[PDB]
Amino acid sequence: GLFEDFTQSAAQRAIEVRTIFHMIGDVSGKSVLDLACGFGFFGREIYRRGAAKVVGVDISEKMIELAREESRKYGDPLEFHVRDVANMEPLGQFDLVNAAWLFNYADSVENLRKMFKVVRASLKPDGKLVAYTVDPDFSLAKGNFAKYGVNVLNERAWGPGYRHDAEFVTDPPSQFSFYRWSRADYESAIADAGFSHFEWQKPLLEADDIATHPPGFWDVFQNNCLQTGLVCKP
């Protein structure tokens, strides 16, 4: 119902969700910490798919308030917390940490490295991190993402990474500003946090995605993707 409807309302969201659940795998019985949980609706789908416990964290008070009200209305058992994730103490030892659109909101590599250490401090030794973030290789000169609902307005060298302002296709227009840290700096953060295993995951563009759009539609998505998945394990 709701999760399908929202996931299909944007061509790229369907690819995002499919890629994140590919990385996650079977979540039956697992404890999950969703570190940039928004209003909780991804966490509610993880719960629906069989997770034993789902805890969501976000920076925004007013959004966590709204997340808790949604769980009361649905009767689901999700637990929420407001935290500045880069500086939070552990909430528990989870089988899975999910971090969609967390790491690109680290506004310095110092904060990026802190976030990865927070993830490790929240994971069982046989747990894993599944993340969705900006592909380090995206370059605005190679193509904007407006076909896919994100009008990237600029690209500013920002210390060792780049900062981007973007317009989303919302009514009214809305602004998001995010960071594109390098693959080197991600992998350094990963290793220094104690993840001896990682893999980058290309978004799973599939045959049906291509059939429902005109010729050339996904070219920039493939040649200059803005997004990437990432899986890390101790």
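When you see a residue number, it is the position in the sequence shown, counting from 1. Under this definition, the rigid core comprises the largest set of C-alpha atoms superposing within 1.5 Å between the forms.
In a rigid core superposition of the other structures in 8 other deposited structures of this protein, 31-39 and 61-69 differ in how far their CA atoms stray, and the farther one is 61-69. Taking 201-209 and 41-49 in turn, the stretch whose Cα atoms are more displaced from the shown form in 8 other deposited structures of this protein following rigid core superposition is 41-49. The PDB entry records a higher mean C-alpha B factor for 11-19 than for its counterpart among 222-230 and 11-19. When the two stretches 109-117 and 129-137 are set side by side, the higher mean Cα temperature factor goes to 109-117. Per the deposited coordinates, the residue with the largest Cα temperature factor out of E206, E167, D185, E70 is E206. The deposited CA B-factor of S28 belongs to the highest third of values across its chain. In the PDB entry, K202 places in the middle third of its chain by CA B-factor. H81 sits in the lowest third of its chain by CA B factor, as recorded in the PDB entry. Placement of the Cα temperature factor of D192 within the chain: highest third of the modelled residues, per the deposited record.
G92: CA B factor lies in the highest third for its chain, per the PDB record.
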